[PDB]
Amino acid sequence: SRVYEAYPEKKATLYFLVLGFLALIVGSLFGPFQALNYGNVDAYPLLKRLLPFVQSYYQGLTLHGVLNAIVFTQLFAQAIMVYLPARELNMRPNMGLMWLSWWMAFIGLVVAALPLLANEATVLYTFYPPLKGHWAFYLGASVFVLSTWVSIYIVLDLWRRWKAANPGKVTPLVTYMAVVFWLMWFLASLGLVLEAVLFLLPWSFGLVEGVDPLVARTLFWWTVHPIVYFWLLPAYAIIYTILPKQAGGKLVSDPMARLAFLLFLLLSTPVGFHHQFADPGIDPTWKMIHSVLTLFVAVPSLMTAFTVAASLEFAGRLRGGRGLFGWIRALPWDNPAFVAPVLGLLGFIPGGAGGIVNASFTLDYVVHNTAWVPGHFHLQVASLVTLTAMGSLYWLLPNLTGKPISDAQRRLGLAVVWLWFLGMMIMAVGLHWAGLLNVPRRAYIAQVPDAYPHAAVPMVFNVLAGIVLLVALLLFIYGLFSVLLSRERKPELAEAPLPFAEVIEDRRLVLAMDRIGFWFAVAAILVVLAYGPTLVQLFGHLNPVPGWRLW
């Protein structure tokens, strides 16, 4: 194929995409089981006959989160947030680096997967000390994530190269998102890299006897809030700069898109305590600060809601829709690439709503570590992000492989997308409600079937969700494999342009927002100011404690 000779980025992107879905499928296999568990139905015996290496509920839970929320989400981000900026500027990504990063990812994953599958790392995707996993888990995880540092460099390169060719022109939209995105991720990632290097790796290696739980946790959450925005923004980039076209309309504001993204660079990292509201040894004043700063990080998505909604109504009116609801039925509901993100956006309403509760200091005490939290995050990542990623099969895959999407396959796509959406709404109800009834998260509750009698109603939703999603999953596997392993190739698809939207004015803001070095340091100050004082007191009073293996 001469298409790859000239556009080799298509192949590397494809690789990132395929590995990502492979991880999604394998990770998700465990979900229905878990769903049935939260419905007080124990189907683990069956799962263990099918996959004999699985020793417990918790090993499946470790696989599910790592594979789904770390691996797939990261691979997606890497695919989107390199390929898209590259196509907009019409430039070649540094291919040497592009393959290095893929191999880093692949190898790290391979390495983490070994102790994971062998039952040697059944911590969770949070691997809190002193629960102590196999060194291979920490190493392979570490290497996997560091892959993104190469991605950061790659996009930074493209960006500067373009800027050299074009001094005193503002950054093109998609590329601006990608640049603020990857820089945000660089700040964000220093928490975990720090944790892994100073603590986790030495510890798993036999180098230090103990780790300090609270410092470990504090560093961990430095990263693992912004990581969610890292998951979210590849989806948004699509929702902003592609979806408007797929809908039949335009993006209603370039500046608004830039500003949302700007706010994410500034506000995505200095918030982590909102995961530590119930931790000892952190001053309550610093919790209140992080609380307020968290409410602030809701702003860009609040803004997003309006910008995007308006973009939808706009396309809806352009297609004939009249009334207050007319524009809705006017939109291309026969297109899976249109439907998946929009359905994901609907769920984001209750999703963000629950987030906002979570953020409010004392209110967190109601919901912390109950089923509510999974309820919240399935709506955010397992629905919005995953569904956006799903719908791109129907535009991105043909773009990358030149392989066509039959009408049959378009139909099955609508089904998968819808069943997946509903199943997630259904489970979202069961989880939030069960959460409100004090049902703990991360628990093989079906194995204590008398513990939670009050939860009987939400439980039925969890079962229903379980089966509905098993179906969606099954259909998703069969659909992806029909479209990857299909017969035909029409390279004219692989050569088509991506469906970027046009924009339908405030140059002065735009110029300001383009002073990227400046905003980057503002971000970095905000992190020092938000985390410095606490981390300083913490490092000065370390109390390492021995590791445990309790599985």
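So that there is no doubt, residue numbering starts at 1 and follows the sequence shown.
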Task: Residues of the deposited sequence that sit between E505 and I504 yet are not modelled - done: 1 to 3
- [ ] Please work out which of 47-55 and 30-38 has the higher mean CA B-factor as recorded in the PDB entry.
- [x] 47-55
Open item on the list: Please compare 205-213 with 452-460 and name the stretch with the higher mean C-alpha B-factor in the deposited structure.
Closed with: 205-213
Task: From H376, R317, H368, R442, residue of greatest CA B-factor - done: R317
Open item on the list: Per the entry's Cα B factor values, which of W327, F127, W149, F338 stands out as the maximum?
Closed with: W327
Task: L343 - which third its CA temperature factor falls in, relative to the rest of the chain - done: lowest
TODO: Using the B-factor values recorded in the entry, state whether the Cα atom of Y240 falls in the lowest, middle or highest third among the modelled residues of its chain.
DONE: lowest
Task: Assigned third (lowest, middle, highest) for the C-alpha B factor of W162 - done: highest
- [ ] Please rank the C-alpha B-factors of the chain's modelled residues and tell me whether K403 sits in the lowest, middle or highest third.
- [x] highest
- [ ] Select lowest, middle or highest to describe the third in which the CA B-factor of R410 falls within its chain in this entry.
- [x] highest
